[PDB]
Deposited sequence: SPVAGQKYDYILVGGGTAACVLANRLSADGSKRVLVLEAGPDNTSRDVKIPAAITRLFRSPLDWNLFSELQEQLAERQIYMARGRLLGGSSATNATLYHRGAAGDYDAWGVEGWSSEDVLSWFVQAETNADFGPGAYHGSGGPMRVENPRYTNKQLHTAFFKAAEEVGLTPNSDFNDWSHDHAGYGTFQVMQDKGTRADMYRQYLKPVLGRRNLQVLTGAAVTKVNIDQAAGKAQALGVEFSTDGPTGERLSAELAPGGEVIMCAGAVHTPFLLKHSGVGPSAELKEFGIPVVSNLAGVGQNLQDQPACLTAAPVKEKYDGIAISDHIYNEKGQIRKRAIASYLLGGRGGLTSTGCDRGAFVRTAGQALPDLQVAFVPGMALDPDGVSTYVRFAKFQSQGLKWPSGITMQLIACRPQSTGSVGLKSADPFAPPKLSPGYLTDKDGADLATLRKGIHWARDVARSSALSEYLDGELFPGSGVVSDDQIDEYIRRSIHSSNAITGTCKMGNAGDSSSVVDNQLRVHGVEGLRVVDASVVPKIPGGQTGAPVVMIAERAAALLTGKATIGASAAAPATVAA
């Protein structure tokens, strides 16, 4: 009906991070007709624009509300795995932390055309940085907005940096400068524009919407890719399960580009008969291409946390004191600094200072620390954000304190995504696989992370401010007690890469080639976090945008690869 008698040179499945970038580059010269299909709504919520309102996006109608299969190894728990559901995708709902990891992470892919020397200039092309001048590591011209966070907690941010130095860490002035070693303490830059979320809808898609060759449908859930093997286009509903199934057709030479993210791309490819035959057979799905790797190599960065209250003399100095009054009302001072100056607590996603640490002489840091100048009231950091949102207007005072989140940033465990039913509107079968690596390296990383965070809090610099420890608490002393606390509290830092991994020729574990072309289908590609062979250290948004920029340069003939 909206797609009736139309032919497309590109159909983008999903309108998320990578999709927004491609919708921009692919529709640029005007020759090519581009369709974007997004299950979620338009990007208009105020909870998207204001960074601190990330607290409200968790477990909201703008999230997929995904829960994992029971995890035997995690105290028999289902794990929440947040994913954005709207134009912009997870760039619209994330913590805005701007990280690339280290050159070593790209060299460790071992995929021809995709070394550190190859990807660098693509990071730079994407970026306008407010706080680093232009050079080999920073752009001044690209659609992304990157800045130093516009909120500083003068007492607790200073205390954390002094504490990190006190325990023997060196400062890193730029976690994204590949001439520096990745390890050290300092500030995480954010994907913000003077304290407004700079998601890839705002930066890439929204400025080019008036282009006549670009069509974008929202509330448009893709149920499968129509394949003949050669991609014909895709099927979708414009009213969810109980809505008419339409179909969208490629023009001659046209391609379907999968941009439904490391969770939904493999789910859709499987419902499209691409992935392991046995999984397909289980639900009477015809096998079009039998690929081992579809839904495999799920890499996510797991987290735990410590948290401590401030001494009574420091009541009122926390970010929670800057955002909420003693009755849980948003402070009129916070709203004013935000709207008049793009300053203050509402510009914060909380977790934008920290460190990369080697717990045991690894080639690259295994541990990322995110310091928060506010106290966790749930050992699950993501649950704490949900409760912080739900706390508003409850007539209660959030206690002043700090959190350190510990993230296994180069993890050795892998998980999977597959099918629980034949209904393409059914939640996928999600297994994060945290703490399954055979050497128990990921648990070792987080356990040593807890020891590190306790040394930092017991430092003279943080001892000044802190009064005891709430999580894990003085009950948790031995390494076995620490590991048990981790099993019970472990949560996502919300990466998720690797589920349609790219590989060299003659790697049967791979799903796409170095050109992002799906093995044994013609005119079908994947351009999202699915393709990352081995997850880099740090949050995964900037690497997705770098892959999208390079994919678009490839598709429009401006570069090889």
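Novice: Take the full deposited sequence, match it to the modelled residues, and report the stretches without C-alphas.
Specialist: No C-alpha for residues 229 to 233, 567 to 578.
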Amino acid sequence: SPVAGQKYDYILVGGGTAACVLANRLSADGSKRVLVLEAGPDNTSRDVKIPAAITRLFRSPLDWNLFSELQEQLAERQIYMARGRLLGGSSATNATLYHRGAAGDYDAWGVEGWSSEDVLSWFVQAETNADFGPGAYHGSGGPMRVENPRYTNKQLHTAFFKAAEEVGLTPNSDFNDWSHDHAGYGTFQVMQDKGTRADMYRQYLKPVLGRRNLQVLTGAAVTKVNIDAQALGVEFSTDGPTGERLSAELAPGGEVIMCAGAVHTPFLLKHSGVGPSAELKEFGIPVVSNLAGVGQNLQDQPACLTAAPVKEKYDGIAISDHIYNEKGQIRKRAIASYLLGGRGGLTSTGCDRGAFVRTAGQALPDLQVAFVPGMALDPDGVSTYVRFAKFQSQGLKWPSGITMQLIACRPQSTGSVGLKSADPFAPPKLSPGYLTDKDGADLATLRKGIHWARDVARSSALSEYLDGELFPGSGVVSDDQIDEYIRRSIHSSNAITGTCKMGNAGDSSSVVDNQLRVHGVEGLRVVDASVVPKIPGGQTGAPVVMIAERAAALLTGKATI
From here on, numbers count along this sequence of modelled residues.
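Novice: Taking only the CA atoms, which stretch has the higher mean B-factor in the record, 44 to 52 or 492 to 500?
Specialist: Stretch with the greater average CA B-factor: 492 to 500.
Novice: Where do the C-alpha atoms have the higher mean temperature factor in this entry, in 241 to 249 or in 333 to 341?
Specialist: The stretch with the larger average C-alpha B-factor is 241 to 249.
Novice: Hey, out of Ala278, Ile450, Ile79, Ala376, whose CA B-factor is highest in the deposited coordinates?
Specialist: The listed residue with the largest C-alpha B-factor is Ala278.
Novice: Going by the deposited entry, which of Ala461, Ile257, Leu87, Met404 has the highest CA temperature factor?
Specialist: Checking the PDB record, the top C-alpha B-factor among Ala461, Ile257, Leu87, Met404 is at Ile257.
Novice: Sort the modelled residues of this chain by their C-alpha B factor and say whether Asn290 lands in the lowest, middle or highest third.
Specialist: Answer is highest: the recorded C-alpha B-factor places it there.
Novice: Consider only the C-alpha atoms of the modelled residues in this chain, order them by B-factor as the entry records it, and name the third containing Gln481: lowest, middle or highest.
Specialist: Its C-alpha B-factor, which the entry lists for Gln481, ranks in the middle third among residues of this chain.
Novice: Taking the entry's C-alpha B-factors for this chain, is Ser121 in the lowest, middle or highest third?
Specialist: For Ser121, whose C-alpha B-factor we compare with every modelled residue in the chain, the answer is the middle third.
Novice: Would you mind checking where the Cα B-factor of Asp352 ranks among the modelled residues of its chain, as the lowest, middle or highest third?
Specialist: Lowest third of the chain for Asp352's C-alpha B-factor.
Novice: Where does the C-alpha B-factor of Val111 rank in its chain, lowest, middle or highest third?
Specialist: According to the entry, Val111 has a C-alpha B-factor in the chain's highest third.
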